[PDB]
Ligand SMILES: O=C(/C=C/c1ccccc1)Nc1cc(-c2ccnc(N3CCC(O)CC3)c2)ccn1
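Next up is one chain by itself, shown in structure tokens, the form solved without the ligand.
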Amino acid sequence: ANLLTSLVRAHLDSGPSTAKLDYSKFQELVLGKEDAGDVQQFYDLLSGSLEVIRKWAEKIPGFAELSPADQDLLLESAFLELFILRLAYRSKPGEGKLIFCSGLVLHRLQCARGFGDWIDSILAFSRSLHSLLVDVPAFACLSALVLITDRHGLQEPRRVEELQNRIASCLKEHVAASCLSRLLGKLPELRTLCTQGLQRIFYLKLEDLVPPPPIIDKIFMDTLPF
């Protein structure tokens, strides 16, 4: 309740006001393979969500009560899933319009060189997500359920499960006020999309036009199970 209110406040504070939106670089008709500028932009757009998602998670009630190690581990493990889910929800797949958490608005063709195919899969997911007409409260719970989840190497797993359970109840409680099971149905498809992001970074690291910035690199390495 106060939980839901807290989760909603943290969500809306973590993104641009419809008025803080910037179309000054938006182009509805532009025209090759990726160059260094496309790869820089890809890393820059990813990097732009790092501090924002960190500050969002600190405002999730209970999140600061977890061990610093479990905090860092949860953030690293969900970063990509969180970037995708939040971009999918904020974006306008009907116009092929990507809206980033800084307020930057770009057409798919303007990011497509950097992201590759993954951008199309993300837009497919955005359309699927948009179709379920998820309200902000539900999404504020969903996004937190993506963060506060079991990962390998948690010190206090029981406490993470506890807090997940609490957020899950706050969500069910709100939805009652199969629809739940279709919301929760989008967490595994989000993990599959996470995989494509790891594939793309792998590929970009191979190609090495521009190296990933240290923090993305660490997320990449620390999130490989092998």
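Just so we're on the same page, rigid core means the largest C-alpha set that superposes within 1.5 Å between forms. Position 1 is the first residue in the sequence shown; the rest follow in order.
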Query raised in the report: Between 201 to 209 and 21 to 29, where do the CA atoms move more in 6 other deposited structures of this protein, taking the root mean square over the structures and residues after a core fit?
Result: 21 to 29
Requested in this report: With the rigid core held as the alignment frame, decide whether 36 to 44 or 186 to 194 lies farther from the shown form in 6 other deposited structures of this protein, in terms of RMS C-alpha distance.
Outcome: 186 to 194
Query raised in the report: If you count the residues of the deposited sequence that sit between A177 and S178 but have no coordinates, do you get none, 1 to 3, 4 to 9, or 10 or more?
Result: 4 to 9
Query raised in the report: Should the segment between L31 and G32 be described as having none, 1 to 3, 4 to 9, or 10 or more unmodelled residues of the deposited sequence?
Result: 1 to 3
Query raised in the report: For the C-alpha atoms alone, is the average B factor greater in 152 to 160 or in 100 to 108, going by the entry?
Result: 152 to 160
Report summary line: Once average C-alpha B-factors are taken from the entry for 189 to 197 and 163 to 171, the winner is 163 to 171
Query raised in the report: Which of these has the highest Cα B-factor in the record: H11, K25, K218, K205?
Result: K25
Query raised in the report: Going by what the PDB entry lists, where does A138 fall on CA B-factor within its chain: lowest, middle or highest third?
Result: middle
**Report entry** Third of the chain's Cα B-factor distribution that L132 belongs to, per the entry
**Finding:** highest
Report task. Tell me, lowest, middle or highest third: where does the Cα B factor of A36 rank within its chain? Result -> highest
Report summary line: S67: CA temperature factor from the record, placed by chain third, in the middle
Query raised in the report: Looking at the C-alpha B-factor of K59, is it in the lowest, middle or highest third of its chain?
Result: middle
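There is also a form solved in complex with the ligand; it is not shown, and the following applies to it.
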Report task. Report whether all of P16, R86 and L129 sit within 4.5 Å of the ligand in the bound PDB entry, measuring from non-hydrogen atoms. Result -> yes
Query - the ligand contact at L109 in the bound PDB entry, heavy atom, 4.5 Å - result: no
Query raised in the report: Does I99 reach the ligand in the bound PDB entry if we count a contact as any heavy atom within 4.5 Å?
Result: yes
Query raised in the report: Given that the partner is absent here, does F139 sit within 4.5 Å of the ligand in the bound PDB entry, heavy atoms only?
Result: yes
Query raised in the report: With the partner left out of view, is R90 within 4.5 angstroms of the ligand in the bound PDB entry by any non-hydrogen atom?
Result: yes
